$ cat run_24.csv   # CSV, C-alpha atoms and all ligand atoms
chain,number,residue,atom,x,y,z
Y,6,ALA,CA,-1.6,-6.6,-29.6
Y,7,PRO,CA,-0.7,-3.5,-27.9
Y,8,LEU,CA,-1.2,-4.5,-24.3
Y,9,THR,CA,0.8,-7.7,-23.7
Y,10,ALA,CA,3.4,-6.4,-26.0
Y,11,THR,CA,3.3,-2.9,-24.4
Y,12,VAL,CA,3.9,-4.3,-20.9
Y,13,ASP,CA,6.5,-6.9,-22.1
Y,14,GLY,CA,8.5,-4.4,-24.1
Y,15,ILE,CA,8.9,-2.2,-21.0
Y,16,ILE,CA,9.2,-4.6,-18.2
Y,17,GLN,CA,11.5,-7.3,-19.6
Y,18,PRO,CA,14.5,-5.1,-20.5
Y,19,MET,CA,14.3,-3.5,-17.0
Y,20,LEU,CA,14.4,-6.9,-15.3
Y,21,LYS,CA,17.5,-7.9,-17.3
Y,22,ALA,CA,19.2,-4.6,-16.5
Y,23,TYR,CA,18.6,-4.7,-12.7
Y,24,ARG,CA,18.8,-8.5,-12.6
Y,25,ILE,CA,15.3,-8.7,-11.0
Y,26,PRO,CA,14.5,-12.4,-10.4
Y,27,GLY,CA,10.8,-11.9,-10.4
Y,28,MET,CA,8.1,-9.3,-11.0
Y,29,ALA,CA,4.3,-9.4,-10.8
Y,30,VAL,CA,2.6,-6.6,-12.8
Y,31,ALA,CA,-1.1,-5.8,-12.7
Y,32,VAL,CA,-3.0,-3.2,-14.8
Y,33,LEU,CA,-6.6,-1.9,-14.8
Y,34,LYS,CA,-8.0,-0.7,-18.1
Y,35,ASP,CA,-11.7,-0.4,-19.1
Y,36,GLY,CA,-13.0,-2.0,-15.9
Y,37,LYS,CA,-10.8,-5.1,-16.1
Y,38,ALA,CA,-7.7,-6.4,-14.4
Y,39,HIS,CA,-4.8,-7.8,-16.5
Y,40,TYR,CA,-1.9,-9.8,-15.0
Y,41,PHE,CA,1.6,-10.0,-16.4
Y,42,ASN,CA,4.0,-12.3,-14.6
Y,43,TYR,CA,7.8,-12.6,-15.0
Y,44,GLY,CA,10.4,-14.8,-13.6
Y,45,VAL,CA,10.7,-16.5,-10.2
Y,46,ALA,CA,9.5,-15.8,-6.7
Y,47,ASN,CA,12.3,-18.1,-5.4
Y,48,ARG,CA,15.6,-18.6,-7.2
Y,49,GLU,CA,16.6,-21.7,-5.2
Y,50,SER,CA,13.3,-23.6,-5.9
Y,51,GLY,CA,12.4,-21.9,-9.2
Y,52,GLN,CA,8.8,-21.2,-8.1
Y,53,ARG,CA,7.4,-18.9,-10.8
Y,54,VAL,CA,5.8,-15.6,-10.0
Y,55,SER,CA,2.0,-15.3,-10.3
Y,56,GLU,CA,-0.6,-12.7,-9.3
Y,57,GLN,CA,-1.0,-14.7,-6.2
Y,58,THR,CA,2.7,-14.6,-5.2
Y,59,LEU,CA,3.3,-12.6,-2.0
Y,60,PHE,CA,5.8,-9.8,-2.1
Y,61,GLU,CA,6.9,-7.3,0.5
Y,62,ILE,CA,5.4,-3.9,-0.6
Y,63,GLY,CA,7.4,-1.8,1.9
Y,64,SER,CA,6.1,1.7,2.3
Y,65,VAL,CA,3.2,1.0,-0.1
Y,66,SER,CA,1.9,-0.3,3.2
Y,67,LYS,CA,1.4,3.3,4.2
Y,68,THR,CA,-1.6,3.6,1.9
Y,69,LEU,CA,-3.4,0.9,3.9
Y,70,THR,CA,-2.2,2.3,7.2
Y,71,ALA,CA,-3.6,5.7,6.0
Y,72,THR,CA,-6.9,4.0,5.1
Y,73,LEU,CA,-7.1,2.4,8.5
Y,74,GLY,CA,-6.4,5.8,10.1
Y,75,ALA,CA,-9.0,7.4,8.0
Y,76,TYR,CA,-11.5,4.7,8.9
Y,77,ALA,CA,-10.9,5.3,12.6
Y,78,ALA,CA,-11.5,9.0,12.1
Y,79,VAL,CA,-14.7,8.4,10.2
Y,80,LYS,CA,-15.9,6.1,13.1
Y,81,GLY,CA,-15.2,8.9,15.5
Y,82,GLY,CA,-12.0,7.7,17.1
Y,83,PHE,CA,-10.4,11.1,16.5
Y,84,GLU,CA,-10.6,14.2,14.3
Y,85,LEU,CA,-7.6,14.8,12.0
Y,86,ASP,CA,-7.1,18.3,13.5
Y,87,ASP,CA,-6.9,17.0,17.0
Y,88,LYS,CA,-3.6,17.4,18.8
Y,89,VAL,CA,-1.8,14.1,19.0
Y,90,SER,CA,-1.6,14.2,22.8
Y,91,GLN,CA,-5.4,14.2,23.0
Y,92,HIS,CA,-5.0,10.6,21.8
Y,93,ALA,CA,-1.8,9.6,23.6
Y,94,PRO,CA,-2.0,10.4,27.4
Y,95,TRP,CA,1.7,9.5,27.7
Y,96,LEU,CA,2.5,12.4,25.3
Y,97,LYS,CA,0.7,15.1,27.3
Y,98,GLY,CA,3.3,17.9,28.0
Y,99,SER,CA,5.5,17.0,25.1
Y,100,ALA,CA,5.9,18.6,21.7
Y,101,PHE,CA,2.9,16.5,20.5
Y,102,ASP,CA,0.6,19.0,22.4
Y,103,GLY,CA,1.1,21.2,19.3
Y,104,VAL,CA,1.0,18.6,16.6
Y,105,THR,CA,-2.1,17.3,14.9
Y,106,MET,CA,-3.0,13.8,13.8
Y,107,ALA,CA,-3.1,15.0,10.2
Y,108,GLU,CA,0.4,16.4,10.6
Y,109,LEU,CA,1.6,13.1,11.9
Y,110,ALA,CA,0.0,11.3,9.0
Y,111,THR,CA,1.5,13.7,6.4
Y,112,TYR,CA,5.1,13.8,7.7
Y,113,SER,CA,4.8,17.5,8.8
Y,114,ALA,CA,5.0,17.3,12.6
Y,115,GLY,CA,8.3,19.1,12.5
Y,116,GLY,CA,11.2,17.0,11.4
Y,117,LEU,CA,10.6,13.5,12.8
Y,118,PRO,CA,13.4,11.5,11.0
Y,119,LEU,CA,13.1,8.9,8.3
Y,120,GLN,CA,13.9,6.1,10.8
Y,121,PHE,CA,13.9,5.7,14.5
Y,122,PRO,CA,17.4,6.1,16.1
Y,123,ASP,CA,18.8,2.6,16.2
Y,124,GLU,CA,18.3,1.8,19.9
Y,125,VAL,CA,14.7,3.1,19.8
Y,126,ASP,CA,13.7,-0.5,19.2
Y,127,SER,CA,11.2,-1.3,22.0
Y,128,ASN,CA,7.9,0.1,23.1
Y,129,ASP,CA,9.3,1.7,26.3
Y,130,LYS,CA,12.1,3.4,24.4
Y,131,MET,CA,9.7,4.4,21.6
Y,132,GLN,CA,7.5,6.2,24.2
Y,133,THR,CA,10.6,8.0,25.8
Y,134,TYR,CA,11.7,8.9,22.3
Y,135,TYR,CA,8.5,10.7,21.4
Y,136,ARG,CA,8.1,12.2,24.9
Y,137,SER,CA,11.5,13.8,24.6
Y,138,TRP,CA,11.7,14.7,20.9
Y,139,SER,CA,12.6,18.3,20.1
Y,140,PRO,CA,10.9,19.7,17.0
Y,141,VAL,CA,13.2,20.8,14.2
Y,142,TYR,CA,10.5,22.9,12.5
Y,143,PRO,CA,7.2,24.4,13.4
Y,144,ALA,CA,4.2,22.0,13.0
Y,145,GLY,CA,2.8,21.9,9.6
Y,146,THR,CA,5.6,23.9,7.8
Y,147,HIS,CA,8.0,21.1,6.6
Y,148,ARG,CA,7.5,17.7,5.1
Y,149,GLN,CA,10.1,15.1,6.0
Y,150,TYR,CA,9.2,11.6,5.0
Y,151,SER,CA,9.2,9.6,8.2
Y,152,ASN,CA,8.4,6.1,9.4
Y,153,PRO,CA,8.1,7.3,13.1
Y,154,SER,CA,5.6,9.9,12.0
Y,155,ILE,CA,3.0,7.8,10.0
Y,156,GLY,CA,4.0,4.9,12.3
Y,157,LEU,CA,2.6,6.7,15.3
Y,158,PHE,CA,-0.4,7.9,13.4
Y,159,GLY,CA,-1.4,4.4,12.6
Y,160,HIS,CA,-0.7,3.1,16.1
Y,161,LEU,CA,-2.7,5.9,17.7
Y,162,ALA,CA,-5.6,5.6,15.2
Y,163,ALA,CA,-6.0,1.9,16.0
Y,164,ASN,CA,-5.9,2.6,19.7
Y,165,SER,CA,-8.7,5.2,19.3
Y,166,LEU,CA,-10.9,2.3,18.5
Y,167,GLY,CA,-9.6,0.1,21.3
Y,168,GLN,CA,-7.6,-2.3,19.3
Y,169,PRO,CA,-3.9,-3.0,18.4
Y,170,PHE,CA,-3.1,-2.0,14.8
Y,171,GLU,CA,-2.6,-5.5,13.5
Y,172,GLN,CA,-5.9,-6.7,14.9
Y,173,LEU,CA,-7.8,-3.8,13.3
Y,174,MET,CA,-6.0,-4.2,10.0
Y,175,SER,CA,-6.4,-8.0,9.8
Y,176,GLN,CA,-9.9,-8.4,11.3
Y,177,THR,CA,-11.7,-5.3,10.0
Y,178,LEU,CA,-9.9,-3.2,7.3
Y,179,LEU,CA,-8.6,-5.9,4.9
Y,180,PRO,CA,-11.8,-8.1,5.2
Y,181,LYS,CA,-14.0,-5.0,4.4
Y,182,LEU,CA,-11.8,-4.2,1.4
Y,183,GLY,CA,-12.2,-7.8,0.2
Y,184,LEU,CA,-8.4,-8.4,0.5
Y,185,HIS,CA,-8.2,-12.0,1.7
Y,186,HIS,CA,-4.7,-12.7,0.5
Y,187,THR,CA,-3.0,-9.7,2.1
Y,188,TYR,CA,-1.1,-10.0,5.4
Y,189,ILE,CA,1.0,-8.3,8.1
Y,190,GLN,CA,2.1,-11.6,9.4
Y,191,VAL,CA,2.0,-14.3,6.7
Y,192,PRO,CA,0.3,-17.4,8.1
Y,193,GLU,CA,1.9,-20.8,7.8
Y,194,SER,CA,-0.8,-21.8,5.3
Y,195,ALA,CA,0.2,-19.0,2.9
Y,196,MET,CA,4.0,-19.4,3.2
Y,197,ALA,CA,4.3,-21.4,0.0
Y,198,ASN,CA,3.3,-18.2,-1.8
Y,199,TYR,CA,5.8,-16.0,0.0
Y,200,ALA,CA,8.6,-14.9,-2.3
Y,201,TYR,CA,12.2,-14.4,-1.2
Y,202,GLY,CA,13.8,-11.0,-1.7
Y,203,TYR,CA,17.3,-10.7,-3.0
Y,204,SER,CA,20.0,-8.3,-1.8
Y,205,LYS,CA,22.6,-6.7,-3.9
Y,206,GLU,CA,24.7,-9.7,-2.9
Y,207,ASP,CA,22.0,-12.0,-4.4
Y,208,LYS,CA,21.4,-13.4,-0.9
Y,209,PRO,CA,17.8,-14.3,-0.2
Y,210,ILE,CA,16.3,-12.1,2.5
Y,211,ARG,CA,13.0,-11.0,4.0
Y,212,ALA,CA,11.8,-8.0,6.1
Y,213,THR,CA,13.6,-7.0,9.3
Y,214,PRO,CA,10.9,-6.8,12.1
Y,215,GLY,CA,10.7,-3.7,14.3
Y,216,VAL,CA,8.9,-1.0,16.2
Y,217,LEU,CA,5.9,0.3,14.3
Y,218,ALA,CA,7.1,-1.9,11.3
Y,219,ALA,CA,3.5,-3.1,10.6
Y,220,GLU,CA,2.3,0.5,10.2
Y,221,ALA,CA,5.2,1.7,8.1
Y,222,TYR,CA,6.2,-1.0,5.8
Y,223,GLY,CA,4.7,-4.3,7.0
Y,224,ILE,CA,2.3,-5.6,4.3
Y,225,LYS,CA,2.9,-8.7,2.2
Y,226,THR,CA,0.5,-9.1,-0.8
Y,227,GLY,CA,0.3,-10.1,-4.5
Y,228,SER,CA,-0.6,-8.1,-7.5
Y,229,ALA,CA,-4.2,-9.2,-7.7
Y,230,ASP,CA,-5.0,-8.2,-4.1
Y,231,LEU,CA,-3.2,-4.9,-4.4
Y,232,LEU,CA,-4.9,-4.0,-7.7
Y,233,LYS,CA,-8.2,-4.8,-5.9
Y,234,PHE,CA,-7.3,-2.2,-3.3
Y,235,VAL,CA,-6.5,0.3,-6.1
Y,236,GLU,CA,-9.9,-0.5,-7.6
Y,237,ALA,CA,-11.5,0.5,-4.3
Y,238,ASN,CA,-9.7,3.8,-4.8
Y,239,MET,CA,-11.1,4.2,-8.3
Y,240,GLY,CA,-14.7,4.0,-7.2
Y,241,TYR,CA,-15.7,1.9,-4.1
Y,242,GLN,CA,-19.3,1.1,-3.2
Y,243,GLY,CA,-21.0,-0.4,-0.1
Y,244,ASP,CA,-19.7,0.3,3.4
Y,245,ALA,CA,-20.4,4.0,3.8
Y,246,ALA,CA,-17.7,4.3,6.4
Y,247,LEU,CA,-15.0,2.7,4.2
Y,248,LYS,CA,-16.1,4.8,1.3
Y,249,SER,CA,-15.6,7.9,3.4
Y,250,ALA,CA,-12.3,6.6,4.6
Y,251,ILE,CA,-11.0,6.1,1.1
Y,252,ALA,CA,-12.3,9.6,0.2
Y,253,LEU,CA,-10.3,11.0,3.1
Y,254,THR,CA,-7.1,9.4,1.7
Y,255,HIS,CA,-7.6,11.5,-1.5
Y,256,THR,CA,-7.7,14.7,0.6
Y,257,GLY,CA,-4.5,16.8,0.1
Y,258,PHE,CA,-3.0,18.6,3.1
Y,259,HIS,CA,-0.1,20.4,1.6
Y,260,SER,CA,2.2,20.2,-1.4
Y,261,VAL,CA,5.8,20.1,-2.2
Y,262,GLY,CA,6.4,21.3,-5.7
Y,263,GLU,CA,4.0,19.5,-8.1
Y,264,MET,CA,3.3,16.7,-5.5
Y,265,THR,CA,0.3,17.0,-3.1
Y,266,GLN,CA,0.5,15.0,0.0
Y,267,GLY,CA,-2.5,13.0,1.1
Y,268,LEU,CA,-3.0,10.3,3.7
Y,269,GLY,CA,-0.7,7.7,2.3
Y,270,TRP,CA,-1.2,8.6,-1.3
Y,271,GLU,CA,0.9,11.3,-3.0
Y,272,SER,CA,-0.6,12.8,-6.1
Y,273,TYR,CA,-0.2,14.9,-9.2
Y,274,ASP,CA,-2.4,17.0,-11.5
Y,275,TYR,CA,-3.2,14.9,-14.5
Y,276,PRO,CA,-1.8,14.8,-17.2
Y,277,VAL,CA,1.7,14.6,-15.6
Y,278,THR,CA,5.1,14.4,-17.3
Y,279,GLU,CA,7.7,11.7,-16.6
Y,280,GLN,CA,10.1,14.4,-15.4
Y,281,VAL,CA,7.6,15.7,-12.8
Y,282,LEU,CA,6.7,12.2,-11.6
Y,283,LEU,CA,10.4,11.5,-11.2
Y,284,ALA,CA,11.2,14.6,-9.3
Y,285,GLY,CA,8.3,14.2,-6.9
Y,286,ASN,CA,9.6,10.6,-6.2
Y,287,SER,CA,13.3,11.6,-6.0
Y,288,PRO,CA,15.6,11.9,-2.9
Y,289,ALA,CA,15.1,15.7,-3.2
Y,290,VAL,CA,11.6,15.0,-1.9
Y,291,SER,CA,12.0,11.8,0.0
Y,292,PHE,CA,15.3,12.1,1.8
Y,293,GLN,CA,15.4,15.6,3.1
Y,294,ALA,CA,13.0,18.1,4.8
Y,295,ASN,CA,11.2,20.4,2.4
Y,296,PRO,CA,9.2,23.4,3.3
Y,297,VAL,CA,5.6,22.9,2.2
Y,298,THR,CA,3.1,25.0,0.3
Y,299,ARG,CA,0.4,25.2,2.9
Y,300,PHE,CA,-3.3,24.8,2.1
Y,301,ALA,CA,-5.8,27.1,3.7
Y,302,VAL,CA,-8.0,24.0,4.4
Y,303,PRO,CA,-7.5,20.4,3.4
Y,304,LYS,CA,-9.0,19.8,-0.1
Y,305,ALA,CA,-10.5,16.8,-1.9
Y,306,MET,CA,-8.1,16.3,-4.8
Y,307,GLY,CA,-10.6,14.5,-7.0
Y,308,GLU,CA,-10.5,12.3,-10.1
Y,309,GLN,CA,-8.2,14.1,-12.6
Y,310,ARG,CA,-5.1,13.2,-10.7
Y,311,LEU,CA,-2.4,10.6,-10.7
Y,312,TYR,CA,-2.1,9.0,-7.3
Y,313,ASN,CA,1.0,6.9,-6.4
Y,314,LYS,CA,3.2,5.3,-3.7
Y,315,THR,CA,6.7,3.8,-3.9
Y,316,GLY,CA,7.7,1.1,-1.4
Y,317,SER,CA,10.8,-1.0,-0.8
Y,318,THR,CA,12.4,-3.4,1.7
Y,319,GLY,CA,15.9,-4.8,1.8
Y,320,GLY,CA,15.0,-7.3,-0.9
Y,321,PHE,CA,11.8,-5.9,-2.6
Y,322,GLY,CA,10.7,-3.0,-4.7
Y,323,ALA,CA,7.1,-1.9,-5.3
Y,324,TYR,CA,5.2,0.8,-7.1
Y,325,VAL,CA,1.5,1.7,-7.6
Y,326,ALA,CA,-0.1,4.4,-9.7
Y,327,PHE,CA,-3.6,5.1,-10.7
Y,328,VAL,CA,-5.7,7.7,-12.5
Y,329,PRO,CA,-9.3,7.6,-11.5
Y,330,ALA,CA,-10.6,9.9,-14.3
Y,331,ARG,CA,-9.1,7.7,-17.0
Y,332,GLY,CA,-9.9,4.4,-15.4
Y,333,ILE,CA,-6.3,3.1,-15.5
Y,334,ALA,CA,-3.8,1.8,-12.9
Y,335,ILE,CA,-0.6,-0.1,-12.6
Y,336,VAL,CA,0.9,-2.3,-9.8
Y,337,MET,CA,4.5,-3.5,-10.0
Y,338,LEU,CA,5.8,-5.8,-7.4
Y,339,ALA,CA,9.4,-7.2,-7.6
Y,340,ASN,CA,11.8,-9.2,-5.3
Y,341,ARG,CA,14.7,-6.9,-5.8
Y,342,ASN,CA,15.0,-3.4,-4.4
Y,343,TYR,CA,15.9,-1.7,-7.7
Y,344,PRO,CA,15.9,2.1,-8.4
Y,345,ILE,CA,12.7,4.0,-8.0
Y,346,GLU,CA,13.6,6.0,-11.1
Y,347,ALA,CA,13.3,2.8,-13.2
Y,348,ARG,CA,10.0,2.0,-11.5
Y,349,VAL,CA,8.5,5.4,-12.3
Y,350,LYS,CA,9.8,5.5,-15.9
Y,351,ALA,CA,8.3,2.1,-16.7
Y,352,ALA,CA,5.0,2.9,-15.0
Y,353,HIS,CA,4.6,6.2,-16.8
Y,354,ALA,CA,5.4,4.5,-20.1
Y,355,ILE,CA,2.7,1.9,-19.5
Y,356,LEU,CA,0.1,4.3,-18.2
Y,357,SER,CA,0.7,6.7,-21.1
Y,358,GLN,CA,-0.3,3.8,-23.4
Y,359,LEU,CA,-3.3,2.6,-21.3
Y,360,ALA,CA,-4.7,6.1,-21.7
Y,361,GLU,CA,-4.8,5.4,-25.4
Y,401,ZN,ZN,-6.5,-9.2,-19.7
Y,402,ZN,ZN,18.1,-2.5,21.1
Y,403,ZN,ZN,0.5,2.6,22.3
Y,404,ZN,ZN,-10.7,-12.9,5.0
$ encode --input "run_24.csv" --output "structure tokens" --more "lines below"
Ligand SMILES: [Zn+2]
Ligand SMILES: [Zn+2]
Ligand SMILES: [Zn+2]
Ligand SMILES: [Zn+2]
Amino acid sequence: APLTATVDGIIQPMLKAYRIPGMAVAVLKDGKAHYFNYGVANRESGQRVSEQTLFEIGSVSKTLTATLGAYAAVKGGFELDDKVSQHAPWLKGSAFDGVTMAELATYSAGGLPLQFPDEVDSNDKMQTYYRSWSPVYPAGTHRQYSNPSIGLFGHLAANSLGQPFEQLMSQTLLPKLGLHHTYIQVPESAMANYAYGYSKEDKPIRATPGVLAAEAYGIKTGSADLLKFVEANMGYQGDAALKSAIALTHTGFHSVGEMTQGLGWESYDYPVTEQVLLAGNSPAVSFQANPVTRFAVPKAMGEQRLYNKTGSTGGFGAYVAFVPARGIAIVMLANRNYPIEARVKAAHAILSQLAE
């Protein structure tokens, strides 16, 4: 073998080193899905991980939120270059008069922070927060990774179609993507599949609920459903609107170094080195404001790219990467929040091999 041995040789040492109780890994190669399952979903019960185990994917959720937002645009709810307050009456007169929906989606509204301030934890206080927010930078000039930013994008995009976000996600988007084992709120029927996360203190934990949580980091899913979503991104057919929506998430709106920001997905010119992938996923990019390289117009980024997204929650660590031109992808879902650097290194190791 190369493939079982390739994945095993990379994943198993990493689990030992970061004491990861469980991981589900899925890869795509030559049209087919391959599942590699390690350890336990639940330490107390000993339930083993499978490709049907539900994990919190954290901010990988943004790629689905982005797809939802794109879908609403395609269906005419809004245009990406519309000012945000065109689609939020309660933001008329605020800074959002001068921010576009695209800018919201791509963390470039002007310095919205990584998280809401702590007592911005209700709908009323969230509205006042945005109404009263004072931009740090001119719109479209700085990227600062931000849950309030893509949070509001997803919320307003769903509203442009007349529905709450969770309804649009659960009743329209996920069903059209053929993702029937993916959830914002895990139903009682599926709870037996729901892994526990583990904190640094080895205490079992699950996601803290909150304002715009569903939009920013709210999805629970297993490796098989998530790879199916990645497959849709490699070459989807059928629903013309959904096809167009997926295309839109592969549009790049600006770059920061070698990373081009899309809707949800971040991408790189392919081939890409480990060092470059690491840098683009590092705190240098994710934890502080960066000035962007502006694009004259948004551009379709195409097939010879590596697309990816990191996600974590208090107890979970997720990574997804895919390369459409080479027909390869990896999904790595774990129930410990272990370093992104290890995620990226292992994924690059495996993808480098799949491309053989
Ligand atoms: Zn296989
Ligand atoms: Zn409070
Ligand atoms: Zn609202
Ligand atoms: Zn369904």
$ closest_atom_pairs --input "run_24.csv" --of "chain Y" --to "ligand ZN 403 (chain Y)" --cutoff "8 Å" --atoms "all atoms listed in the file" --output "JSON lines"
{"residue": "Y:93", "atom": "CA", "partner": "Y:ZN403", "partner_atom": "ZN", "distance": 7.5}
{"residue": "Y:128", "atom": "CA", "partner": "Y:ZN403", "partner_atom": "ZN", "distance": 7.9}
{"residue": "Y:160", "atom": "CA", "partner": "Y:ZN403", "partner_atom": "ZN", "distance": 6.3}
{"residue": "Y:161", "atom": "CA", "partner": "Y:ZN403", "partner_atom": "ZN", "distance": 6.5}
{"residue": "Y:164", "atom": "CA", "partner": "Y:ZN403", "partner_atom": "ZN", "distance": 6.9}
$ closest_atom_pairs --input "run_24.csv" --of "chain Y" --to "ligand ZN 402 (chain Y)" --cutoff "12 Å" --atoms "only C-alpha atoms and all ligand atoms" --output "tab-separated table"
residue	atom	partner	partner_atom	distance
Y:121	CA	Y:ZN402	ZN	11.3
Y:122	CA	Y:ZN402	ZN	10.0
Y:123	CA	Y:ZN402	ZN	7.1
Y:124	CA	Y:ZN402	ZN	4.5
Y:125	CA	Y:ZN402	ZN	6.7
Y:126	CA	Y:ZN402	ZN	5.2
Y:127	CA	Y:ZN402	ZN	7.1
Y:128	CA	Y:ZN402	ZN	10.7
Y:129	CA	Y:ZN402	ZN	11.1
Y:130	CA	Y:ZN402	ZN	9.0
Y:131	CA	Y:ZN402	ZN	10.9
Y:215	CA	Y:ZN402	ZN	10.1
Y:216	CA	Y:ZN402	ZN	10.5
$ residues_around --input "run_24.csv" --residues "residue 78 in chain Y" --least-positions-apart "3" --cutoff "12 Å" --atoms "all atoms listed in the file" --output "count of residues only"
31
$ closest_residue --input "run_24.csv" --among "Y:179, Y:114, Y:38, Y:174" --to "ligand ZN 404 (chain Y)" --atoms "all atoms listed in the file"
Y:179
$ closest_residue --input "run_24.csv" --among "Y:345, Y:219, Y:326, Y:356" --to "residue 69 in chain Y" --atoms "only C-alpha atoms"
Y:219
$ residues_near_ligand --input "run_24.csv" --ligand "ligand ZN 401 (chain Y)" --cutoff "10 Å" --atoms "only C-alpha atoms and all ligand atoms" --output "PyMOL selection string"
chain Y and resi 8-9+31-34+37-41
$ closest_residue --input "run_24.csv" --among "Y:228, Y:266, Y:204, Y:176" --to "residue 54 in chain Y" --atoms "all atoms listed in the file"
Y:228
$ residues_around --input "run_24.csv" --residues "range 12-22 of chain Y" --least-positions-apart "6" --cutoff "12 Å" --atoms "all atoms listed in the file" --output "NGL selection string"
:Y and (6 or 28-32 or 39-45 or 322 or 335-359)
$ residues_near_point --input "run_24.csv" --point "(11.9, 23.5, 7.5)" --cutoff "9 Å" --atoms "all atoms listed in the file" --output "JSON, numbers by chain"
{"Y": [115, 116, 141, 142, 143, 146, 147, 148, 149, 294, 295, 296, 297]}
$ residues_around --input "run_24.csv" --residues "residue 332 in chain Y" --least-positions-apart "4" --cutoff "8 Å" --atoms "all atoms listed in the file" --output "ChimeraX atom specification"
/Y:33-36,239,327-328
